[PDB]
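A quick write-up on the structure given underneath.
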Amino acid sequence: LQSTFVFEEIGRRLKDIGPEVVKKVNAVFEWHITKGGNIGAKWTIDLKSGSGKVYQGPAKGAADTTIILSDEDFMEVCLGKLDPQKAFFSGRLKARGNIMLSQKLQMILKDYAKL
């Protein structure tokens, strides 16, 4: 899966910026990465306490938001070739629970990525 390198890089960056992100975000994001429409990987980005954490599999507690999309579509979002809001409205990106939290996540992580 192409997305594995991205989740690992998010975990490495959270070592440095995690405390500041956690204050601004305050939530737990679960990711179901599909291939052949079948779940090829699950990840959690826990931005709720400490320096935050990225780990494999479902949230240890409740996830605020769950996003489901293909490995390819996830990579296209990360490469700026697919707008995440456009993918959502076209039905390529599924988001459950608190949908707008994940758009907050998008904005904050884009800000830090520019530093």
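Here, A, B, ... name the chains of the structure tokens in the order displayed, residue numbers run from 1 inside each chain, and ligands are numbered from 1 in the same displayed order.
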
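Residues in contact with segment 7-9 of chain A at 10 Å, where only C-alpha atoms are counted and same-chain residues fewer than 6 positions away are skipped, are listed as residues 31, 43, 44, 45, 54, 55 and 56 of chain A.
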
(request) Could you give me, as a PyMOL selection string, each residue of chain A that DSSP assigns to strand (DSSP E) when run on this structure's backbone? (result) chain A and resi 27-35+38-47+53-56+65-70+94-97

Residues of the last selection are to be written out with N, CA and C atoms, as a short mmCIF file (atom, residue, chain, number, x, y, z; two decimals), in the first residue's frame.
data_model
loop_
_atom_site.label_atom_id
_atom_site.label_comp_id
_atom_site.auth_asym_id
_atom_site.auth_seq_id
_atom_site.Cartn_x
_atom_site.Cartn_y
_atom_site.Cartn_z
N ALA A 27 -8.93 15.62 18.64
CA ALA A 27 -9.84 14.58 18.09
C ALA A 27 -9.04 13.38 17.58
N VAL A 28 -9.76 12.31 17.29
CA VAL A 28 -9.22 10.97 16.92
C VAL A 28 -9.84 10.62 15.57
N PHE A 29 -8.99 10.35 14.59
CA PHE A 29 -9.39 10.11 13.19
C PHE A 29 -9.02 8.68 12.86
N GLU A 30 -10.00 7.90 12.41
CA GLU A 30 -9.78 6.50 11.95
C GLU A 30 -9.82 6.49 10.42
N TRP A 31 -8.91 5.75 9.79
CA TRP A 31 -8.79 5.68 8.31
C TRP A 31 -8.94 4.23 7.86
N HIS A 32 -9.90 3.93 6.99
CA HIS A 32 -10.04 2.61 6.33
C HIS A 32 -9.55 2.76 4.89
N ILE A 33 -8.38 2.20 4.59
CA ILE A 33 -7.77 2.32 3.24
C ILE A 33 -8.20 1.08 2.47
N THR A 34 -8.91 1.25 1.36
CA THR A 34 -9.40 0.08 0.60
C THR A 34 -8.53 -0.21 -0.63
N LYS A 35 -8.60 -1.45 -1.08
CA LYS A 35 -8.01 -1.90 -2.37
C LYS A 35 -8.91 -3.05 -2.86
N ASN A 38 -12.03 -3.64 -0.77
CA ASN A 38 -11.82 -4.36 0.52
C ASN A 38 -10.75 -3.63 1.33
N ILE A 39 -10.95 -3.56 2.64
CA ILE A 39 -10.06 -2.81 3.56
C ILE A 39 -8.69 -3.47 3.53
N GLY A 40 -7.67 -2.75 3.08
CA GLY A 40 -6.30 -3.25 2.99
C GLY A 40 -5.49 -2.82 4.20
N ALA A 41 -5.96 -1.79 4.92
CA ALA A 41 -5.27 -1.24 6.11
C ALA A 41 -6.23 -0.32 6.83
N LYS A 42 -6.12 -0.30 8.15
CA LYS A 42 -6.74 0.71 9.04
C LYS A 42 -5.62 1.46 9.76
N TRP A 43 -5.81 2.76 9.95
CA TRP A 43 -4.88 3.60 10.75
C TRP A 43 -5.69 4.51 11.66
N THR A 44 -5.12 4.87 12.80
CA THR A 44 -5.65 5.92 13.68
C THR A 44 -4.59 7.00 13.83
N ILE A 45 -5.06 8.22 13.67
CA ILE A 45 -4.33 9.46 14.05
C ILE A 45 -5.05 10.00 15.27
N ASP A 46 -4.44 9.80 16.42
CA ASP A 46 -4.97 10.25 17.73
C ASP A 46 -4.34 11.61 18.05
N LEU A 47 -5.10 12.69 17.86
CA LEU A 47 -4.67 14.08 18.13
C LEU A 47 -5.53 14.62 19.28
N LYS A 53 -0.51 10.65 18.32
CA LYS A 53 0.01 9.32 17.96
C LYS A 53 -0.64 8.90 16.65
N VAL A 54 0.15 8.22 15.83
CA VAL A 54 -0.35 7.45 14.65
C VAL A 54 -0.07 5.98 14.91
N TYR A 55 -1.09 5.16 14.77
CA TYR A 55 -0.91 3.70 14.91
C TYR A 55 -1.84 2.98 13.95
N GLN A 56 -1.48 1.72 13.73
CA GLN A 56 -2.18 0.79 12.84
C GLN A 56 -3.42 0.22 13.54
N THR A 65 -14.15 10.65 13.95
CA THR A 65 -14.51 10.75 12.52
C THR A 65 -13.97 9.51 11.81
N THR A 66 -14.41 8.80 10.91
CA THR A 66 -13.83 7.69 10.14
C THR A 66 -13.87 8.05 8.68
N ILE A 67 -12.79 7.94 8.02
CA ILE A 67 -12.67 8.20 6.57
C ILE A 67 -12.29 6.88 5.88
N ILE A 68 -13.05 6.62 4.81
CA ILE A 68 -12.90 5.40 3.97
C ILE A 68 -12.62 5.84 2.54
N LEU A 69 -11.66 5.46 1.86
CA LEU A 69 -11.23 5.70 0.47
C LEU A 69 -10.12 4.73 0.11
N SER A 70 -9.88 4.68 -1.20
CA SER A 70 -8.95 3.72 -1.82
C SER A 70 -7.53 4.23 -1.54
N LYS A 94 -15.49 8.56 1.65
CA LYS A 94 -16.56 8.43 2.67
C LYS A 94 -16.05 8.99 4.00
N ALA A 95 -16.89 9.73 4.69
CA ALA A 95 -16.55 10.24 6.03
C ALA A 95 -17.75 10.02 6.94
N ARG A 96 -17.53 9.37 8.06
CA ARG A 96 -18.58 9.10 9.05
C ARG A 96 -18.27 9.89 10.32
N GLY A 97 -19.31 10.10 11.11
CA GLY A 97 -19.28 10.78 12.42
C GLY A 97 -19.15 12.28 12.23
#

Practice item. Using DSSP on the backbone coordinates, identify all residues within segment 79-110 of chain A classified as helix (DSSP H, G or I); present the result as a PyMOL selection string. Key: chain A and resi 84-90+99-110

(Q) Can you tell me which residues surround residue 14 of chain A at a distance of at most 8 Å, considering only C-alpha atoms, apart from same-chain residues fewer than 6 positions away, and format the answer as a ChimeraX atom specification? (A) /A:21,51-53
